[PDB]
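Single-structure report; data block below.
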Amino acid sequence: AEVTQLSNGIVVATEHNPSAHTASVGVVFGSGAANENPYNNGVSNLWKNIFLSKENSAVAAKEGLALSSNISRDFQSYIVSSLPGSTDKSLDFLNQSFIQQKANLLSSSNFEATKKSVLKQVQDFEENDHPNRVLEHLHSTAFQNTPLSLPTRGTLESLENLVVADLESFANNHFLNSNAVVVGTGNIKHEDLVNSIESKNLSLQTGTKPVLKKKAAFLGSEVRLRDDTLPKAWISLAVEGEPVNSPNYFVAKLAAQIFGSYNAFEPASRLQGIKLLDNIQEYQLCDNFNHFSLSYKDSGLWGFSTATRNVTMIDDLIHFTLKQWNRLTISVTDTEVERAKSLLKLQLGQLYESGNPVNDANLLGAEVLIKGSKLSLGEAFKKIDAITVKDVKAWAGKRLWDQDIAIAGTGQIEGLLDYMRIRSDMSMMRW
Amino acid sequence: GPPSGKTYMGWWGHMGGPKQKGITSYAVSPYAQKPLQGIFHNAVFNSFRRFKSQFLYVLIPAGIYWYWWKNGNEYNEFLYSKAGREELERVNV
C-alpha cells in the first residue's frame, strides 16, 4: 500500500491499493496549457478530444476498457481505466495508439469532425457556464504576457488556425520521454513495474522539453464583461498563492479553509460557520462561497469566488470578506485553527482517497512530476498538526497584507466599485 | 420609505442606463505602472495641439475688444489735449 518510484529512462510510479478493484494505467505528461504559446491555444484540447472520441470507439468495440483524460495547466492525464486482470491489454493499446502510430488517428476527416465538435463545445461553454468562465478570466488577467494566463480550452480564433502540422509539431516538441511518466493506480503490484520497460514499449521522440524563456509573474488587473442580460452576478478575488514544492503549501491551504465554503440555500450550512457567514446571513448578501488556493509549479493562486443574487449589495459582501481576511492576518482564535486543521484533514482524506482510481492516478502524476517523489498522506498528517497560529500569522503577513489583487467576473457586476474600494481596504487603517 | 418622483439616474445595479452586452473593460492597478507616463512628451505635444485647436475662439474676441478699448482711450486722450475749446464743446452736447 506504499507508493514506489524509480528512474529508468521513463519514470514509473505505483500506488497499490487492493481496496478498490478498478485497475488503471496511463501516462501523465508534464506539459500542457502552460507549455504552449498564446497563438496556438487549443492544441491540447484538440489532442484530448481526438483521443477521447476515436480511441474510445476503438477500445470499447475491441476490448473492455473506458479511457478518460484531463488537462488542467500542464498535464495530459490520458488515464486508461481497466479491470484488475486486464492491464497488459490496456498498456499495449496505449503504446500502440497514442505515442505511435499517429497516422491511423489523424485522418483529415476525423480531425475535421473533432475540430467542429470542439468548436461547438467551447462555444456553448462560453455561452452557458459562468463560474468557470470567470475563473479562466481570472487566470488570463493575473498572468498577462506569460505562458500561464492562456486558458485550458482556447479561443475560437486560435482554434480555427491549425490543421495538422501545428498539432504534429507540438507532439514532437512535448511528447518526449524526459518529462513523461507512467502511472498505475489501481490494484496492480509489479506487472506494470516491469512491463513498461520492454523490448520496444517506449515513447518516441527522445530529447528534452524546450525550456520556456519566462516562467510566471503577477500584476493586479480587472477583466469584467458587464452585461445586464444575465440574471445573477459573478466575482472572483485573487491573491498570489504559494507554488508547489515550498514550505508554505499546507499553511496556505489552511489559511484558505478557515473561512470555508458556503451555500446559502442549505439548512445544514447557514447555522454553522464563522463570523462572516453570520454577519452575511443576518441580511441577504451572498449565495455561494469558494475559498480556493490553487498552486502550480511556477506560481499559485489564493482565490475567493462567489456568485451572488442580490445586485445592490455587492459592496457590502466585498467589504465584509476583506475585513475578515484582515482579521485572519491580525488575530485568530485557537479554536478556529483547530477546527480548520480537522476540516482540512478530512478534506484531504476524501480527495486523495476517493474510490475512483482516475483521480488518484492524476494526482500521483502531478506530484511525481512536480515534487519528484510522492508525499504519502501519513507525512502530511504528521506535518499538518504542527501548523500553529504564529506560522499562519507570519504567512498572512506576507501573502495577504497590502498585496495586489485581481478580479474578473461576467454578469451584472456594475455595482462593484472599480479598484480603490476593493484594494486599499485590506488593512482598515487600524491593525 | 415614502416613494419619490421619477429619476433619470438610479443607484448601483439599477443605474438605469441602457443595457449593454459584449463590452469589456480592463485595468492594470496603480502600483504596477509608473505614475508619470509621458509627463513631458504628452505635456508639450498635447498642450500645443490643444492650444492650436482653439486659438481663434479666444484670439478674435480679445482682438476686437482690444481694438475698441484702444480707440476709445486714444479718442478720450485727444479730447482733453489742447482741444477743450474747439472739439470738446461740439461733441459734449
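Identifiers in the C-alpha cells: chain A, B, ... in order shown; residue index from 1 per chain; ligand index from 1 in order shown.
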Worksheet entry | residue 428 (chain A) surroundings by only C-alpha atoms, 9 Å radius, close-in-sequence under 3 positions cut, as an MDAnalysis selection string | chainID A and resid 323 326 424:425 431
Save the residues we just selected, N, CA, C and O atoms, as an mmCIF file, in the first residue's frame?
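File written: again-v7.cif
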data_model
loop_
_atom_site.group_PDB
_atom_site.id
_atom_site.type_symbol
_atom_site.label_atom_id
_atom_site.label_comp_id
_atom_site.auth_asym_id
_atom_site.auth_seq_id
_atom_site.Cartn_x
_atom_site.Cartn_y
_atom_site.Cartn_z
ATOM 1 N N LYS A 323 -12.573 42.584 5.336
ATOM 2 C CA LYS A 323 -12.308 42.762 6.757
ATOM 3 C C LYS A 323 -12.034 41.432 7.433
ATOM 4 O O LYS A 323 -11.224 41.367 8.361
ATOM 5 N N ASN A 326 -8.398 40.545 6.716
ATOM 6 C CA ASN A 326 -7.571 41.306 7.643
ATOM 7 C C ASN A 326 -7.610 40.704 9.044
ATOM 8 O O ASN A 326 -6.576 40.603 9.718
ATOM 9 N N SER A 424 -7.465 49.174 -1.344
ATOM 10 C CA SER A 424 -6.876 49.956 -0.270
ATOM 11 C C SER A 424 -7.626 49.813 1.037
ATOM 12 O O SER A 424 -7.442 50.637 1.937
ATOM 13 N N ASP A 425 -8.475 48.801 1.156
ATOM 14 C CA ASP A 425 -9.174 48.496 2.393
ATOM 15 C C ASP A 425 -8.904 47.062 2.834
ATOM 16 O O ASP A 425 -9.802 46.362 3.303
ATOM 17 N N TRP A 431 -4.465 48.324 12.535
ATOM 18 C CA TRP A 431 -4.066 46.947 12.768
ATOM 19 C C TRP A 431 -3.425 46.923 14.127
ATOM 20 O O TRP A 431 -2.831 47.919 14.524
#
Item to complete: Enumerate as a PyMOL selection string the residues belonging to chain A that approach chain B to within 10 Å, with only C-alpha atoms taken into account.
Response: chain A and resi 141-142+144+218-230+310-315+403-406+408+410-420+423
Worksheet entry | Residues of region 4-90 of chain B in alpha helix (DSSP H), written as a ChimeraX atom specification | /B:41-53,55-79,88-90
Item to complete: Do a neighbour search on region 364-377 of chain A at 9 Å with only C-alpha atoms, toss out local chain neighbours closer than 3 positions, and write the hits as a PyMOL selection string.
Response: chain A and resi 2-5+11+13-15+27-30+74-75+77+179-183+185+244-245+296-297+348-349+352+359-361+380-382
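Between CA of residue 232 (chain A) and CA of residue 130 (chain A) the interatomic distance comes to 9.9 Å.
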Write out as an mmCIF file with N, CA, C and O atoms, in the first residue's frame the residues lying within 10 Å of residue 175 (chain A), counting only C-alpha atoms and excluding same-chain residues fewer than 3 positions away.
data_model
loop_
_atom_site.group_PDB
_atom_site.id
_atom_site.type_symbol
_atom_site.label_atom_id
_atom_site.label_comp_id
_atom_site.auth_asym_id
_atom_site.auth_seq_id
_atom_site.Cartn_x
_atom_site.Cartn_y
_atom_site.Cartn_z
ATOM 1 N N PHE A 29 1.795 13.468 -18.793
ATOM 2 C CA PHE A 29 2.827 14.268 -19.432
ATOM 3 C C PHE A 29 2.975 15.593 -18.707
ATOM 4 O O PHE A 29 1.984 16.271 -18.426
ATOM 5 N N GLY A 30 4.211 15.964 -18.411
ATOM 6 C CA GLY A 30 4.467 17.179 -17.670
ATOM 7 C C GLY A 30 4.428 18.430 -18.520
ATOM 8 O O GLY A 30 5.334 19.265 -18.448
ATOM 9 N N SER A 31 3.388 18.570 -19.335
ATOM 10 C CA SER A 31 3.226 19.772 -20.134
ATOM 11 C C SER A 31 1.771 19.898 -20.556
ATOM 12 O O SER A 31 1.014 18.925 -20.549
ATOM 13 N N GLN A 76 -1.425 16.050 -19.425
ATOM 14 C CA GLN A 76 -2.296 15.344 -20.366
ATOM 15 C C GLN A 76 -2.512 13.975 -19.742
ATOM 16 O O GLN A 76 -1.876 12.992 -20.115
ATOM 17 N N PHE A 98 -1.356 5.825 -28.984
ATOM 18 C CA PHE A 98 -1.170 7.193 -28.521
ATOM 19 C C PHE A 98 0.194 7.754 -28.883
ATOM 20 O O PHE A 98 0.283 8.815 -29.506
ATOM 21 N N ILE A 99 1.271 7.072 -28.492
ATOM 22 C CA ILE A 99 2.600 7.517 -28.886
ATOM 23 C C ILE A 99 2.813 7.302 -30.377
ATOM 24 O O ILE A 99 3.348 8.172 -31.074
ATOM 25 N N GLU A 168 1.209 18.164 -35.065
ATOM 26 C CA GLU A 168 2.352 17.256 -35.080
ATOM 27 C C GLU A 168 3.598 17.920 -34.512
ATOM 28 O O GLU A 168 4.401 17.268 -33.836
ATOM 29 N N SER A 169 3.791 19.211 -34.790
ATOM 30 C CA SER A 169 4.948 19.910 -34.246
ATOM 31 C C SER A 169 4.888 19.962 -32.728
ATOM 32 O O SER A 169 5.895 19.727 -32.050
ATOM 33 N N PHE A 170 3.714 20.259 -32.168
ATOM 34 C CA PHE A 170 3.604 20.245 -30.714
ATOM 35 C C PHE A 170 3.778 18.837 -30.165
ATOM 36 O O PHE A 170 4.339 18.655 -29.078
ATOM 37 N N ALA A 171 3.303 17.830 -30.898
ATOM 38 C CA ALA A 171 3.503 16.453 -30.466
ATOM 39 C C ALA A 171 4.985 16.122 -30.374
ATOM 40 O O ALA A 171 5.441 15.520 -29.398
ATOM 41 N N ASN A 172 5.754 16.520 -31.380
ATOM 42 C CA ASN A 172 7.175 16.210 -31.391
ATOM 43 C C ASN A 172 7.991 17.126 -30.493
ATOM 44 O O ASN A 172 9.153 16.818 -30.219
ATOM 45 N N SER A 178 11.687 12.491 -21.601
ATOM 46 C CA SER A 178 12.317 13.093 -20.433
ATOM 47 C C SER A 178 11.290 13.525 -19.397
ATOM 48 O O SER A 178 11.508 13.352 -18.193
ATOM 49 N N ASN A 179 10.174 14.099 -19.836
ATOM 50 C CA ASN A 179 9.161 14.624 -18.930
ATOM 51 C C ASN A 179 7.828 13.917 -19.126
ATOM 52 O O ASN A 179 6.768 14.539 -19.125
ATOM 53 N N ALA A 180 7.868 12.600 -19.301
ATOM 54 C CA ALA A 180 6.667 11.788 -19.406
ATOM 55 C C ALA A 180 6.815 10.585 -18.494
ATOM 56 O O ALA A 180 7.882 9.969 -18.452
ATOM 57 N N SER A 203 8.234 5.516 -25.297
ATOM 58 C CA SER A 203 7.815 6.688 -26.047
ATOM 59 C C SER A 203 8.897 7.097 -27.034
ATOM 60 O O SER A 203 10.092 6.975 -26.757
ATOM 61 N N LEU A 204 8.467 7.583 -28.190
ATOM 62 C CA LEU A 204 9.385 8.046 -29.220
ATOM 63 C C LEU A 204 9.873 9.445 -28.856
ATOM 64 O O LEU A 204 9.636 9.946 -27.754
ATOM 65 N N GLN A 205 10.569 10.090 -29.792
ATOM 66 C CA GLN A 205 10.986 11.480 -29.650
ATOM 67 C C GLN A 205 11.853 11.667 -28.404
ATOM 68 O O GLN A 205 11.490 12.362 -27.454
ATOM 69 N N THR A 206 13.007 11.008 -28.418
ATOM 70 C CA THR A 206 13.978 11.199 -27.352
ATOM 71 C C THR A 206 14.565 12.600 -27.427
ATOM 72 O O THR A 206 14.752 13.157 -28.513
ATOM 73 N N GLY A 207 14.848 13.171 -26.275
ATOM 74 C CA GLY A 207 15.354 14.524 -26.203
ATOM 75 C C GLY A 207 14.904 15.176 -24.908
ATOM 76 O O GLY A 207 14.742 14.506 -23.891
ATOM 77 N N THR A 208 14.705 16.490 -24.973
ATOM 78 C CA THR A 208 14.252 17.247 -23.819
ATOM 79 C C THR A 208 13.166 18.227 -24.237
ATOM 80 O O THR A 208 13.036 18.590 -25.409
ATOM 81 N N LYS A 209 12.377 18.636 -23.254
ATOM 82 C CA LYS A 209 11.370 19.660 -23.471
ATOM 83 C C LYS A 209 12.037 21.013 -23.713
ATOM 84 O O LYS A 209 13.002 21.361 -23.027
#
Residues near region 391-394 of chain A, cut-off 10 Å, only C-alpha atoms, skip fewer than 4 positions along chain, as a PDB file with N, CA and C atoms, in the first residue's frame:
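Output contents, as saved in around16.pdb:
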ATOM      1  N   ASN A 248       5.204  26.326   2.317  1.00  0.00           N
ATOM      2  CA  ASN A 248       4.032  27.149   2.542  1.00  0.00           C
ATOM      3  C   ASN A 248       2.767  26.559   1.941  1.00  0.00           C
ATOM      4  N   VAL A 251       0.212  25.517   4.931  1.00  0.00           N
ATOM      5  CA  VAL A 251      -0.239  26.651   5.729  1.00  0.00           C
ATOM      6  C   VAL A 251      -1.164  27.539   4.909  1.00  0.00           C
ATOM      7  N   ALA A 252      -0.885  27.694   3.614  1.00  0.00           N
ATOM      8  CA  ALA A 252      -1.806  28.427   2.753  1.00  0.00           C
ATOM      9  C   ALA A 252      -3.122  27.680   2.589  1.00  0.00           C
ATOM     10  N   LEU A 254      -4.548  25.757   4.755  1.00  0.00           N
ATOM     11  CA  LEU A 254      -5.302  26.003   5.978  1.00  0.00           C
ATOM     12  C   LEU A 254      -5.831  27.429   6.034  1.00  0.00           C
ATOM     13  N   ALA A 255      -5.013  28.410   5.654  1.00  0.00           N
ATOM     14  CA  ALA A 255      -5.482  29.789   5.661  1.00  0.00           C
ATOM     15  C   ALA A 255      -6.649  29.993   4.712  1.00  0.00           C
ATOM     16  N   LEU A 328      -8.019  37.642   9.725  1.00  0.00           N
ATOM     17  CA  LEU A 328      -7.170  36.459   9.633  1.00  0.00           C
ATOM     18  C   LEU A 328      -5.713  36.808   9.854  1.00  0.00           C
ATOM     19  N   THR A 329      -5.250  37.895   9.255  1.00  0.00           N
ATOM     20  CA  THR A 329      -3.830  38.189   9.413  1.00  0.00           C
ATOM     21  C   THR A 329      -3.495  38.990  10.665  1.00  0.00           C
ATOM     22  N   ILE A 330      -4.476  39.428  11.449  1.00  0.00           N
ATOM     23  CA  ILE A 330      -4.189  40.176  12.670  1.00  0.00           C
ATOM     24  C   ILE A 330      -4.359  39.322  13.919  1.00  0.00           C
ATOM     25  N   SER A 331      -5.385  38.473  13.966  1.00  0.00           N
ATOM     26  CA  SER A 331      -5.674  37.713  15.174  1.00  0.00           C
ATOM     27  C   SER A 331      -6.655  36.587  14.894  1.00  0.00           C
ATOM     28  N   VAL A 332      -6.306  35.371  15.293  1.00  0.00           N
ATOM     29  CA  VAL A 332      -7.144  34.202  15.074  1.00  0.00           C
ATOM     30  C   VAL A 332      -7.274  33.445  16.386  1.00  0.00           C
ATOM     31  N   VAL A 337      -8.307  27.710  14.462  1.00  0.00           N
ATOM     32  CA  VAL A 337      -7.211  26.975  13.847  1.00  0.00           C
ATOM     33  C   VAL A 337      -7.412  25.477  14.022  1.00  0.00           C
ATOM     34  N   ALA A 386       1.478  20.249  13.194  1.00  0.00           N
ATOM     35  CA  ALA A 386       2.465  21.210  13.659  1.00  0.00           C
ATOM     36  C   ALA A 386       2.137  22.640  13.254  1.00  0.00           C
ATOM     37  N   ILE A 387       1.180  22.841  12.350  1.00  0.00           N
ATOM     38  CA  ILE A 387       0.813  24.189  11.944  1.00  0.00           C
ATOM     39  C   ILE A 387       0.184  24.911  13.126  1.00  0.00           C
ATOM     40  N   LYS A 398       2.761  38.074   4.818  1.00  0.00           N
ATOM     41  CA  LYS A 398       3.461  38.166   3.546  1.00  0.00           C
ATOM     42  C   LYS A 398       2.521  38.089   2.353  1.00  0.00           C
ATOM     43  N   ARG A 399       1.702  37.043   2.271  1.00  0.00           N
ATOM     44  CA  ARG A 399       0.919  36.853   1.057  1.00  0.00           C
ATOM     45  C   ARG A 399      -0.259  37.807   0.960  1.00  0.00           C
TER      46      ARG A 399
END
